[PDB]
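coords_10.txt follows; it contains compact mmCIF, C-alpha atoms.
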# COMPACT_ATOMS: atom_id res chain seq x y z
CA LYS J 716 -79.06 169.24 86.99
CA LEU J 717 -75.42 168.41 87.98
CA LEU J 718 -72.44 168.38 85.53
CA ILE J 719 -69.46 165.95 85.83
CA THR J 720 -65.92 167.34 85.14
CA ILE J 721 -63.52 165.15 87.25
CA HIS J 722 -64.40 161.38 86.89
CA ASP J 723 -64.61 161.51 83.02
CA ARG J 724 -61.24 163.40 82.75
CA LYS J 725 -59.33 160.99 85.10
CA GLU J 726 -60.81 157.80 83.47
CA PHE J 727 -60.09 158.86 79.81
CA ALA J 728 -56.56 160.20 80.69
CA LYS J 729 -55.56 156.91 82.47
CA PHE J 730 -56.91 154.85 79.48
CA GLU J 731 -54.94 156.68 76.69
CA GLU J 732 -51.76 157.22 78.87
CA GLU J 733 -51.45 153.45 79.68
CA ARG J 734 -52.43 152.62 76.01
CA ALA J 735 -49.17 154.11 74.56
CA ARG J 736 -46.95 152.81 77.47
CA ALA J 737 -47.92 149.09 77.07
CA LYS J 738 -45.58 146.13 76.25
CA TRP J 739 -46.16 144.29 72.91
CA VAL J 740 -46.12 140.45 72.58
CA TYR J 741 -45.69 138.47 69.29
CA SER J 742 -47.31 135.05 68.50
CA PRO J 743 -45.37 131.89 67.30
CA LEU J 744 -47.82 131.27 64.35
CA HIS J 745 -46.25 133.96 62.06
CA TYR J 746 -42.56 133.50 63.12
CA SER J 747 -40.82 130.11 62.51
CA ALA J 748 -37.29 130.65 63.98
CA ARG J 749 -36.57 132.37 67.36
CA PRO F 305 -74.69 126.26 66.61
CA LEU F 306 -74.08 127.08 70.33
CA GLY F 307 -70.93 125.55 71.91
CA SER F 308 -70.52 124.39 75.56
CA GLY F 309 -67.90 125.96 77.88
CA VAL F 310 -67.55 129.69 77.01
CA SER F 311 -65.56 132.29 79.06
CA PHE F 312 -67.07 135.83 79.25
CA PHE F 313 -65.20 138.98 80.45
CA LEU F 314 -66.52 142.48 81.39
CA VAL F 315 -64.93 145.20 79.16
CA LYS F 316 -65.72 148.88 78.29
CA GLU F 317 -65.44 150.56 74.83
CA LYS F 318 -65.58 154.26 73.73
CA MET F 319 -68.23 155.43 71.18
CA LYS F 320 -67.52 157.72 68.15
CA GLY F 321 -68.26 161.47 68.55
CA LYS F 322 -68.40 161.69 72.39
CA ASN F 323 -65.52 160.90 74.84
CA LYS F 324 -67.29 158.44 77.23
CA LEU F 325 -67.01 154.67 78.00
CA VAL F 326 -70.00 152.22 77.97
CA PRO F 327 -70.44 148.57 79.35
CA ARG F 328 -69.90 145.70 76.81
CA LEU F 329 -69.76 141.84 76.92
CA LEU F 330 -66.87 139.87 75.28
CA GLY F 331 -67.09 136.09 74.62
CA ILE F 332 -63.79 134.21 74.02
CA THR F 333 -63.53 130.54 72.84
CA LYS F 334 -60.72 128.09 71.82
CA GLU F 335 -61.44 128.68 68.04
CA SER F 336 -62.55 132.37 67.63
CA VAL F 337 -63.20 135.70 69.47
CA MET F 338 -66.60 137.54 69.34
CA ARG F 339 -68.31 140.65 70.83
CA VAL F 340 -71.86 140.46 72.36
CA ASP F 341 -74.18 143.48 73.01
CA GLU F 342 -75.37 143.92 76.66
CA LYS F 343 -78.82 145.33 75.60
CA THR F 344 -79.83 143.10 72.60
CA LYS F 345 -77.77 139.98 73.71
CA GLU F 346 -76.58 139.29 70.09
CA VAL F 347 -73.23 139.03 68.20
CA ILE F 348 -72.19 142.10 66.08
CA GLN F 349 -68.70 141.16 64.70
CA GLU F 350 -66.16 138.30 65.23
CA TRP F 351 -62.46 137.52 64.47
CA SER F 352 -60.48 134.24 64.04
CA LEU F 353 -57.87 133.11 66.65
CA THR F 354 -55.18 132.30 63.97
CA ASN F 355 -55.57 135.76 62.24
CA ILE F 356 -54.18 137.68 65.33
CA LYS F 357 -50.56 138.96 64.88
CA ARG F 358 -49.71 140.75 68.21
CA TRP F 359 -51.34 142.12 71.43
CA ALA F 360 -50.44 144.43 74.38
CA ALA F 361 -51.60 143.80 77.99
CA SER F 362 -51.78 146.76 80.44
CA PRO F 363 -52.97 146.83 84.17
CA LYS F 364 -56.33 148.51 83.21
CA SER F 365 -56.54 148.31 79.33
CA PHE F 366 -56.09 145.50 76.72
CA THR F 367 -54.97 146.19 73.08
CA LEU F 368 -55.35 143.99 69.93
CA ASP F 369 -53.63 144.20 66.48
CA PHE F 370 -54.99 142.38 63.35
CA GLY F 371 -53.03 141.67 60.11
CA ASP F 372 -54.97 141.61 56.79
CA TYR F 373 -58.58 141.73 58.13
CA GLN F 374 -59.33 144.94 60.15
CA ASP F 375 -58.56 148.55 59.04
CA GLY F 376 -58.69 150.42 62.40
CA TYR F 377 -57.62 149.35 65.93
CA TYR F 378 -59.48 147.49 68.76
CA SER F 379 -59.01 148.98 72.29
CA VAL F 380 -61.03 148.23 75.50
CA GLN F 381 -60.75 148.71 79.32
CA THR F 382 -60.41 145.31 81.11
CA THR F 383 -60.36 144.57 84.89
CA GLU F 384 -58.54 141.18 84.45
CA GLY F 385 -55.96 141.83 81.67
CA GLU F 386 -53.48 139.17 82.98
CA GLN F 387 -56.19 136.40 82.87
CA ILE F 388 -57.21 137.21 79.22
CA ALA F 389 -53.53 137.25 77.98
CA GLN F 390 -52.82 133.79 79.58
CA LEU F 391 -56.06 132.30 78.06
CA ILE F 392 -55.15 133.31 74.43
CA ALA F 393 -51.53 131.99 74.77
CA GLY F 394 -52.76 128.56 76.00
CA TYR F 395 -55.27 128.12 73.09
CA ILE F 396 -52.44 128.70 70.51
CA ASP F 397 -50.24 126.04 72.27
CA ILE F 398 -53.02 123.35 71.91
CA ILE F 399 -53.44 124.03 68.11
CA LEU F 400 -49.63 123.76 67.42
CA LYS F 401 -49.49 120.29 69.14
CA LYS F 402 -52.46 118.90 67.07
CA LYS F 403 -51.54 120.42 63.64
CA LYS F 404 -47.69 120.31 63.44
CA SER F 405 -45.77 120.88 60.14
Write out the structure in this file as structure tokens.
Amino acid sequence: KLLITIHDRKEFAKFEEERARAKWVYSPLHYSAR
Amino acid sequence: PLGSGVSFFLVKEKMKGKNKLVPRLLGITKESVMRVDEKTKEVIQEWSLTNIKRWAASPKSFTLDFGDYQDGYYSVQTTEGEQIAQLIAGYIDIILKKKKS
């Protein structure tokens, strides 16, 4: 049996790192004036 | 009832307990968003298009934020994040033109 300790670490790290450094966008349904 | 003209996107979600991603199907329409299981081919949970407050689009991962409906947070890994963000924005523009106050 072979164990993986390189593809799982790089995929999870890139997911959570880009998750906190993402730009937020608001919808015009809640806000009336802009 | 089953509607005609549905857009499906390939997205991955992480399971509770273990730190690993698994394949999942996501069906988006002009009225509501729903998640379909790849193994059973059935709907588990769905959300309304007008209940969404804000969303974040990244190169490899899409994020969603609900107001007074969901308790936790919905996060998935998408290959075409720019195409999904443009599709949701266009559906909101069509509703505002039909039902204007």
Mind listing as number ranges by chain which residues of chain F are within 7 Å of chain J, counting all atoms listed in the file? F: 357-362, 365
Separation of CA of residue 311 (chain F) from CA of residue 342 (chain F) in Å: 15.4 Å
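CA of residue 335 (chain F) to CA of residue 319 (chain F) spans 27.8 Å [interatomic distance, one decimal].
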Hey, what's within 9 Å of residue 392 (chain F) if we count all atoms listed in the file and toss same-chain stuff fewer than 4 positions away? As a PyMOL selection string, please? chain F and resi 332-334+353+388+396
Report, in Å to a single decimal, how far apart CA of residue 383 (chain F) and CA of residue 371 (chain F) are.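 Result for CA of residue 371 (chain F) versus CA of residue 383 (chain F): 26.0 Å, one decimal.
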Close residues, residue 352 (chain F) itself excluded, 8 Å, all atoms listed in the file, min 4 positions apart in chain, as a short mmCIF file (atom, residue, chain, number, x, y, z; two decimals) with C-alpha atoms, in the coordinates of the input:
data_model
loop_
_atom_site.label_atom_id
_atom_site.label_comp_id
_atom_site.auth_asym_id
_atom_site.auth_seq_id
_atom_site.Cartn_x
_atom_site.Cartn_y
_atom_site.Cartn_z
CA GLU F 335 -61.44 128.68 68.04
CA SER F 336 -62.55 132.37 67.63
CA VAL F 337 -63.20 135.70 69.47
CA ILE F 356 -54.18 137.68 65.33
#
So which one's closest to residue 367 (chain F), F:317, F:354, F:399, F:339? Using all atoms listed in the file, please.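 Looking only at the distances to residue 367 (chain F), the closest residue turns out to be F:317.
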